[PDB]
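Colleague: here are the coordinates; sequence isn't available:
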C-alpha cells in the first residue's frame, strides 16, 4: 500500500528516534567513564603504575560477561565492547604518562 | 607512605567502583538499543530494505559528532564508537535476512 508504505516508514522513524536517544545517552555515560579513567591515568602516572593491569582487565571482563548473561545480552559482544573501550583507555593512560614524563624532562 | 599507599589504593578502588557501574549501565542501554535495531532488522527483511543505509549512517555520525563536541567529548572517538556499534547492527540485519530467507526456501 501507500497507507502500508507510510505505516512502515513511520515505524522505522519511530524506532530510529529511540536509537538516536540511546546513542546520546551512551555518549553522556561514556563521558563520565572517561573522566574516571583519566583520573586513574593521572594516578597511575604519578605513582608509576602500568597502563595494562591484567588482573583488573580479567575481572572487568568476567563480571560484565556474567551480568550480560543475566540481562539476556550476548556475553561475547559485551566482551568485544568492553575491550574496545579498554583499548582507548590504555592509549589514554600511556598519553598521560608520556605527558607527565616530558614535564619531568 | 603506608598511609599514602593505602590512600592511593583506596582512591583507585573508588574510581573503579564508578567505572564498573557505568559499564553495567552501558550494557543495559545497549540491550535496549539492540532490541530496537533488531525490530528494524525484521522490518527491513520483510520489505526487502538493505542492511547498509548510507544516508541514515551519515546522519547518525554527523549528529553524534556535533553532540559529542557540545558535551566536550572527542568527536572522533564518538564516531569510532558509533561505527563499532553499526558494524554489529549491520551483521545482525544480515543474519535476520538470511533467516527470513531460509524460511521462504
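Modeller: Yep, that arrived. Numbers count the residues shown, from 1 in each chain, chains lettered A, B, ... in the order given.
Colleague: give me the residue at the spatial middle of chain A.
Modeller: residue A:85 (4.1 Å; CA atoms, centre = their mean).
Colleague: specify the local secondary structure of residue A:52.
Modeller: Remark: residue A:52 carries the secondary structure label coil [criterion: DSSP: H, G, I helix; E, B strand; the rest coil].
Colleague: and the closest residue to it other than its chain neighbours, what element?
Modeller: Sequence neighbours aside, residue A:90 is the residue nearest to residue A:52 in space, at 5.9 Å (criterion: CB to CB, 6 or more residues apart in numbering or on different chains). C-beta here means a position set from N, CA and C on the backbone, and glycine is covered the same way. Assigning secondary structure by DSSP states H and E places residue A:90 in helix A:75-104.
Colleague: what angle separates that helix from helix B:75-104?
Modeller: With axes from the mean of the first three to the mean of the last three CA atoms, to 10 degrees defining the directions, helix A:75-104 sits at 170 degrees from helix B:75-104.
Colleague: tell me which residues in helix A:75-104 are buried?
Modeller: Across helix A:75-104, burial judged by 16 or more other CB atoms under 10 Å in any protein chain shown covers A:75, A:77-79, A:81-82, A:85-86, A:88-90, A:92-94, A:96-97.
Colleague: wait, residue A:44 sits on residue A:95?
Modeller: No - Residue A:44 is not in contact with residue A:95 according to CB atoms under 8 Å; the separation is 11.8 Å.
Colleague: residue A:36 - how many residues pack around it?
Modeller: Neighbour count for residue A:36, taken as other CB atoms under 10 Å in any protein chain shown: 19.
Colleague: that one: what's it in contact with?
Modeller: The contact partners of residue A:36, taken as CB atoms under 8 Å, 6 or more residues apart in numbering or on different chains, are B:15-16, B:18-19, B:22.
Colleague: which among these are in contact with chain A?
Modeller: With CB under 8 Å from any CB of the partner chain as the criterion, the contacts of residue A:36 include B:15-16, B:18-19, B:22 near chain A.
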